[PDB]
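*Asks:* Need the 3D shape of this:
(one chain, ligands or ions: 1)
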Amino acid sequence: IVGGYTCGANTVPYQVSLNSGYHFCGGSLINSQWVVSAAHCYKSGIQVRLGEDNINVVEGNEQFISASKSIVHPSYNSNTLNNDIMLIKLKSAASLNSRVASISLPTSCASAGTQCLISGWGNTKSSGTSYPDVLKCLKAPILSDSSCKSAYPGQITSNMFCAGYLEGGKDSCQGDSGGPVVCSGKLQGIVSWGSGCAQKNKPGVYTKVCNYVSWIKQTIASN
Ligand SMILES: [Ca+2]
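*Replies:* Residues are numbered from 1 along each chain as shown. I have put the structure below:
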């Protein structure tokens, strides 16, 4: 996260870290057994880390649980990132408490101008590299589809939306991928891609979760 703030320990209790020897992506807990992330975060050997603040220090509220299966969206395209969504099942159910909590799925898509909370352990620099160890947060509005498409002509599908600031300086970035965009209590987005980070006229692009609720509900019930 570039241009954000330190969230505070366990203040985003649905945020997970995906670990394969090291943090490589975020995700969101949607019930005690299941995590939503980006399809571009797919790999073998995932351990889900819940209850995290400092990802380099054991602080006492963590749960570490291996994935038992991963399901990438049937129509995911790894070039364009259309349908950039994946479900991860936990080998054992998480123990839900005030520091390890699920986030609700959308009941519809959200309006442009609505404010959202974007979070992660990704790079905090728009030029160069610095990785925080504590969770970072950013408040950012959903942008209109027209301003999203004008920034990214020929690239945006109905399964994507932009959020952030056209002036630059405030955005998600590398290592935030797969993490949450929460607006009015609903998981409306997944950190997906952008052109660089925090650049002028290059806002963040997010998977439009509202289009996937039926697929999520049916997939988890049959797995
Ligand atoms: Ca920790």
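
*Asks:* Can you list phi and psi of residue 149 for me?
*Replies:* The phi/psi pair for residue 149 (degrees, to the nearest 10) reads phi -70, psi -30.

*Asks:* mind checking how far it is from residue 112?
*Replies:* For residue 149, the distance to residue 112 equals 12 Å [C-beta to C-beta, to the nearest Å]. For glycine as for every other residue, the C-beta is placed from the backbone atoms N, C-alpha and C.

*Asks:* Residue 91 now?
*Replies:* 40 Å.

*Asks:* Which one's more surrounded, these two?
*Replies:* residue 112 (15 against 12; other C-beta atoms under 10 Å).

*Asks:* can I assume residue 138 is in contact with residue 6?
*Replies:* No - using C-beta atoms under 8 Å, residue 138 is not in contact with residue 6, being 11.3 Å away.

*Asks:* Spit out the residues that contact the two alike.
*Replies:* By C-beta atoms under 8 Å, 6 or more residues apart in numbering, residue 138 and residue 6 have no common neighbours.

*Asks:* So between these two, which is more surrounded?
*Replies:* residue 138 (25 against 13).

*Asks:* Show me what the strand or helix carrying the more buried one pairs with in its sheet, parallel or antiparallel.
*Replies:* Assigned by DSSP states H and E, residue 138 belongs to strand 136-141. Strand 136-141 sits in its sheet next to strand 5-6 (antiparallel), strand 115-120 (antiparallel), going by DSSP bridges.

*Asks:* In a markdown table, list these along with distance to the ion.
*Replies:* As requested, the strands paired with strand 136-141 are exported to a markdown table (distance: least, C-beta to the ion, whole Å):
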| stretch | distance to the ion |
| --- | --- |
| strand 5-6 | 14 |
| strand 115-120 | 15 |
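
*Asks:* do you know which of these lies nearest residue 36?
*Replies:* Closest to residue 36 of the strands paired with strand 136-141 is strand 115-120 (C-beta to C-beta; 13.8 Å).

*Asks:* quick one: contacts of the closest one?
*Replies:* Contacts for strand 115-120 (C-beta under 8 Å, 6+ apart): 1, 4, 7, 12, 15, 26, 110, 135-142, 163, 172, 175-177, 179-183, 188-189, 191, 204.

*Asks:* Now, these that are in strands?
*Replies:* Here DSSP state E is the test, and the contacts of strand 115-120 give 15, 26, 136-141, 163, 180-183, 188-189, 191, 204 as lying in strands.
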